[PDB]
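Structure first, commentary second.
Below, each value reflects all heavy atoms present in this structure, side chains not excepted, and no hydrogens, waters or symmetry copies. We count ligands from 1, going down the list as the structure has it; atoms in each ligand are counted the same way. Numbered from 1 within each chain, the chains take letters A, B, ... in sequence-line order.
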There are 2 protein chains.
Amino acid sequence: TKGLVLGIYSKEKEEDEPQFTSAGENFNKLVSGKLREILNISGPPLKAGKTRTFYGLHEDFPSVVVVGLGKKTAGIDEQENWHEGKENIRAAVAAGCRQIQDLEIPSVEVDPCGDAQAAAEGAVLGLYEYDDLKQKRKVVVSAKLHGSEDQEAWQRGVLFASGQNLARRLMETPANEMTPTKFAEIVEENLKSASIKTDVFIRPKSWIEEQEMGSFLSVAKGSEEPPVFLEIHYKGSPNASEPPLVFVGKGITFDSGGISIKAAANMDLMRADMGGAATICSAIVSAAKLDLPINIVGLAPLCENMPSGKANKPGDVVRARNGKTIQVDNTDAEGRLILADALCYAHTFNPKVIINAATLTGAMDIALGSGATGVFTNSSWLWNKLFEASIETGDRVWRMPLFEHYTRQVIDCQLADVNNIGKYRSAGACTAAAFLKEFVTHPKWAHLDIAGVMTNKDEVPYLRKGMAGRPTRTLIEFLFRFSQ
Amino acid sequence: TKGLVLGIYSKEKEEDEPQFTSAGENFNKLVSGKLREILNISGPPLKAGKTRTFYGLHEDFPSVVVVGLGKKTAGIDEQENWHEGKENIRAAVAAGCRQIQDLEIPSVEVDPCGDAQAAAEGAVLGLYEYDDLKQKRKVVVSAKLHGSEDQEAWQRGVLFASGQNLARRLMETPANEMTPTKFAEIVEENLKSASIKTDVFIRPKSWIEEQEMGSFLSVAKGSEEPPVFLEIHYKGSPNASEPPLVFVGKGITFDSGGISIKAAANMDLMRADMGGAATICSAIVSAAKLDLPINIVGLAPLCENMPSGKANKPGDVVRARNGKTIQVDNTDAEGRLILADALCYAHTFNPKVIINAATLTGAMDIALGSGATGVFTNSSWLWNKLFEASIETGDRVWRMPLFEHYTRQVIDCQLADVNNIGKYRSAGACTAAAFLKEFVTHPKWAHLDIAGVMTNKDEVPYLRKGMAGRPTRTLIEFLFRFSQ
Ligand SMILES: CC(C)C[C@H](N)C(=O)O
Ligand SMILES: CC(C)C[C@H](N)C(=O)O
Ligand SMILES: [Zn+2]
Ligand SMILES: [Zn+2]
Ligand SMILES: [Zn+2]
Ligand SMILES: [Zn+2]
Ligand SMILES: [Zn+2]
Ligand SMILES: [Zn+2]
């Protein structure tokens, strides 16, 4: 019928037994001490992230899963740059919820564990799974807050997690289904359901050609799938003339590499080469659901990178919207090409800040893996705001260098103004970022390379195996704090 | 006979002509305005790093090379994390000196350019070249300060640069000449010439075996070249009982990869796989020449990594000095093996701080290239001291993450306590650093991965093509500031 997830902390030295949360101690009382008695009989105490299931304790809750929360007073961890307490909660709740799902129970009530937003994030992120195309599926579990106190915190958590889950769905979906047009239509419907203060323009190829986006066009032409330039507006500020914050996302729905073709091994993961677009767009949908009082513009060039009789050829020279020429030495370095045009266009909105996200380089994954998103920025103020936000969400960011040293390696070019791959193979993520800087004149610009946090195997406990949707929540948190 | 290098700044808006330095304006006066007149006739003004040669202006200086210094008031660059003025000076002076050398002039007098230490660094770093083994060599140039004002600043610069040049020589020298024993003997003689307050112990294999350094021994055994553990003491503090700062360096004189053999292409560069040892040792020699009032200990395990009938075999399990077991899954991840033992030993000196340097991973080069040295540390205080020092020297450092997320990938091990390569190929430099942390219990430890700054092609203007010796000067500066 209905399941229940309860938390218990690790025992502190001067305590006689590990302490339950408020909901845990109360439940124990409701069942006349039966919960504590059975936990004692079952064996060793529960450590952070571990779970244990007890049956028949109450007629309304035939299955009760107790989860280990770790140390009660865990706050900000200086070594890890995150709030440890929140991370323990998200992981423990996800584990509890999955045990309830394995038991095939359709609904679960969750202990707020001293921080309802984090508990909600663990349940919602933890239970997610993309199974639309399978006949064999797990039971759909409805998770709700146990109790009626602090409902707003719980709901804030569901909102944040739902935002990241949308990014995951968009990324996980096979490319033949998640085409440039389909992605745009899904985002449009999600933003419009979130708020009536929105405008969406799924700009077609003719518009792209009118905007002189020759760099973006050179990439798209190799494929038979039509390209689109997604532009979204969220008018949340009281003053309509208030300059917007602009977000830009790389939307390659599928990257085969083009003529500079990729190796077969694990190339299926390239259906998520639109993760940049998925994360910034989901962040705008959430900000819109939250009705944040700020104006926001989202831009996402979308297309496929395929080999054919009309594809980009190594050595070809293309002209960006701003007139700069680019020598396309490697057709698989296509993200920086489409972003050159999107970033130029971003300046037309005379924005307050410009933030782009992209699953850009294999070098970023080699650099930091899934530990943190790499952030390249010309503004320490901006770096600090993103960093602070990440400490709260736990979806970490780490700063990478924007030095002229790297710019030199991309402007040293045989045929044009700038080369799309550096002279050397060293510092791939840094030279890619340097390339993007040639298309930015704004004082507050940040580039997020999310190639390393594209997927999850088991690094983040509360995310099942698959596309991660990172760092959506950090983006939402940043916008939230910015609006205040 | 004698050459002269003079600097000129870029013209500021309200100036009528670009301004010479004090020495430049004075020289012009000595030759009755002849220098300004010829510079005007020659054409365009000189920009940062550019040079122009003028002949017969003075009987004592038949060749005068004027160098562009860029903007006079260039101070700390917030984008680049360095003092721009100093960088302009080092590069301009190096260029001037090389033009004098191409002219085959044996001696040059150098303009202090408003910062004699930086001018000296440019001349000394700029003229260096390892040519001991060649019949064809360039003329040996003696560079001296032009004038007698601020001689201490000039000499400080020669000292710092000479320290980095020694590291370059040690790294550049072919491995058949730069063996573990030879390296130790060269370092010993350099430290002893620098100060009488020193003790050096070139510990032999029997000592290594007594110290139970099974991890370090497993690497060395594959080669016929005897291993040595270099231990150096600099007793500069007034109080002999004052706890020392300990430096540790990876000293692989040649890395073939062992049974997990490297590819042939550019493997010759592996003669510099002892760069970690070269930099920390040269830094201690310089600190000793400077008679810094601090106690310092330097530790450097040295050996070759070769394939043979007795070499490390993939899957073998070895025991570190501290008793932890290590599964050697890849024999080419040998630096972390030798460092495990050296870091354990470092704790026996009950140090104030522990700093190790190593040309450790190819992943670090992929991460940041030669832009900056990667620093992994459990102390933000320590990170800040190294960072501040680097701003002054221009030999930059950039912080990398020490997260438990990476530790998990090395302790997940089939046969032993820790695995010498991670479960995944992502974040190579971070997992290597995590591996090292398992052998450190100190509160102030910093790991410097210098694999990306091992060589110079043309990135650093004042260093000719070859082994760079980075980041020696940043290490010296750190020690200098620490002693004050
Ligand atoms: C590893 C990937 C993120 C590579 C990236 N798709 C590049 O455009 O090919
Ligand atoms: C690129 C190199 C620094 C690799 C390093 N010598 C490892 O032990 O093989
Ligand atoms: Zn997809
Ligand atoms: Zn690509
Ligand atoms: Zn791509
Ligand atoms: Zn050498
Ligand atoms: Zn190796
Ligand atoms: Zn090595």
Of all N, O or S atoms in [X], identify the one at the shortest distance from the Zn ion (ligand 8).
{"X": "B:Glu334", "value": "OE2"}
{"X": "B:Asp273", "value": "OD2"}
{"X": "B:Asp255", "value": "OD2"}

request  = Start with the C-alpha gap between B:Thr472 and B:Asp395, add the side-chain angles, then the distance that decides, and say whether side-chain hydrogen bond (donor to acceptor under 3.5 Å, both in side chains) holds.
outcome  = CA-CA 8 Å; B:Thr472 306; B:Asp395 203 340; over 6 Å; no

inquiry  = Using side-chain hydrogen bond (donor to acceptor under 3.5 Å, both in side chains), reason through B:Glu459 and B:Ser370 one step at a time and then give a plain yes or no.
reply    = CA-CA 7 Å; B:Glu459 305 98 297; B:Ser370 55; 2.7 Å; yes

task = Considering only NZ, NE, NH1 and NH2 on the basic side and carboxylate oxygens on the acidic side, decide whether B:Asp316 and B:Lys313 come within less than 4.0 Å.
result = yes

query = Cut-off 3.5 Å, side chains only: do B:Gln164 and B:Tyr128 have a donor facing an acceptor?
reply = no

key: Heteroatom test (N, O or S) for B:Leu360 near the Zn ion (ligand 8), limit 2.8 Å   = no

